[PDB]
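What follows is one chain in structure tokens, specifically the form deposited in one PDB entry.
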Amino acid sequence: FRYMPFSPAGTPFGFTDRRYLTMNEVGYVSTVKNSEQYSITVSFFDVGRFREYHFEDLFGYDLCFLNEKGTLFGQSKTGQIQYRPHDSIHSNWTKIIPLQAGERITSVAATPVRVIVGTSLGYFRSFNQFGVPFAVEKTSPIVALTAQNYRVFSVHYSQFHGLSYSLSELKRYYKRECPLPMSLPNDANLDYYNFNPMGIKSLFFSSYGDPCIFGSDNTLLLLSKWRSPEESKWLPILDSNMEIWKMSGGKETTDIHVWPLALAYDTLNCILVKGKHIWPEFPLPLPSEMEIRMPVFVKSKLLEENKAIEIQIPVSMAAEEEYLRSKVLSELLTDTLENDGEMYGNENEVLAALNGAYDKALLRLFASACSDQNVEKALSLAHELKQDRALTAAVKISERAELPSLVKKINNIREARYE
């Protein structure tokens, strides 16, 4: 098995002389073949805060990581890394990572306080933002790295360890090489899978500090309850293939692809790649937005319904999605608030609006249940309502449906909830 140098949202050269070293919400880094050298260009999306620049690479950096404070570069074969702070007030530094025969740097990342290097032999080397060595650990061979502030999210693979992930903050490991439930891959894109065998398109922390990964199955995975070792769970919160299928009107397209950049609360910042290649090429299009959706849609049922004719989605199928999505986001946001506090200023209102949408979707499900003479299923749905005003609304729907026992029982719920 060959360990290849990984960087978030990086693209292959292909048949061109240029490619993207890395991409995210901050910007993107490109390198161009220039004879015996390379031409690196660091670009940003917010031109008001940052100033795009260029320089010549004499080493051939194939590793890169970009944040709001600086840019980190690495050469997987020689072991040379270089950190370049955005503000020239702070000076650049270059270091050489010790490598045994056959050992390659597989992934690098950087925070305002840490610089991290992982190798194919499972060496984990950390530094501060100035290049001072702080630790040298032995882990399962690292294949992917991301970091946000003090949190570090690593992915490991070996034929003797399997596919795992680790999550650490400043040292403390919430997760130590726990199994990672990401799907692995099974053509014009042959160049990509030689470039990224794992098929990890990108990985990152969300805007609220939750670990996310986006693999070859084009599904956004989010780790919930990562603060609770026994309550942790990976959530599929966006099947990008399905949503595109619904956008395109139910046709099997092979010209639209998603390239993940970041997750902002409920919206995936991405690049819509159009063509035969699944990876974006120069020039880079304008960043798009894709709202997350729980994988509760059935393609077959969607085909049955949409025979007469965007794909139209049934109220109950849509109510289930909105119910689950609100439930998921509510738990995450509540955890973030109770542990890390308000971060952007509107969380209490966002959470409030969230619990409202949670109840509306449930009532839609409650109505269909009553509309199907299903008494027991309706009562079960009633118990899942949060606000007392929602239980009140449930009674009104229950009265119109000629279900007296339901009305009593829902009122009995109000009796218990009063206490």
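Position 1 is the first residue in the sequence shown; the rest follow in order. Under this definition, the rigid core comprises the largest set of C-alpha atoms superposing within 1.5 Å between the forms.
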Discussion item. Aligning on the core, I want to see which stretch wanders more in 5 other deposited structures of this protein. Is it 113-121 or 244-252 by C-alpha RMS?
Written reply: 244-252
Worksheet entry | Of 98-106 and 158-166, which departs more from this form in 5 other deposited structures of this protein by CA RMS after core fitting | 158-166
Practice prompt. Might you work out how many residues are unmodelled in the deposited sequence between residue 159 and residue 160, and answer none, 1 to 3, 4 to 9, or 10 or more?
Written response: none
Worksheet entry | Missing residues, deposited sequence, between residue 309 and residue 310 (class: none, 1 to 3, 4 to 9, 10 or more) | 10 or more
Worksheet item: If you average the Cα B factors in the entry, which is higher, 247-255 or 320-328?
Response: 247-255
Fill in: 34-42 or 56-64, whichever carries the higher mean Cα B-factor
34-42
Fill in: Criterion, highest CA B-factor; candidates, 144, 182, 237, 337
337
Fill in: Maximum C-alpha temperature factor, selected from 111, 168, 91, 82
91
Worksheet item: In terms of the CA temperature factor given in the entry, to which third of its chain does residue 314 belong: lowest, middle or highest?
Response: middle
Practice prompt. Quick one: classify residue 195 as lowest, middle or highest third of the chain based on its Cα B-factor.
Written response: lowest
Discussion item. Based on the deposited C-alpha B factors for this chain, I'd like to know if residue 132 is in the lowest, middle or highest third.
Written reply: lowest
Worksheet item: Once the chain's modelled residues are ordered by C-alpha B factor and cut into thirds, is residue 241 in the lowest, middle or highest one?
Response: lowest
Worksheet, complete the sentence: Of the three thirds of Cα B-factor ranks in this chain, residue 285 occupies the middle
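Beyond what is shown, the protein has a form deposited with a partner chain bound; the following relates to that form.
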Item to complete: Using the partner position in the deposited complex, report whether residue 51 sits within 4.5 Å of the partner chain, counting heavy atoms only.
Response: no
Discussion item. At 4.5 Å between heavy atoms, is residue 400 in contact with the partner chain in the deposited complex?
Written reply: yes
Item to complete: Would you please decide whether residue 26 lies within 4.5 angstroms of the partner chain in the deposited complex, comparing each non-hydrogen atom pair?
Response: no
Worksheet item: Does any heavy atom of residue 33 come within 4.5 Å of a heavy atom of the partner chain in the deposited complex?
Response: no
Worksheet entry | 360, 367 and 390 each touching the partner chain in the deposited complex (heavy atom, 4.5 Å) | yes
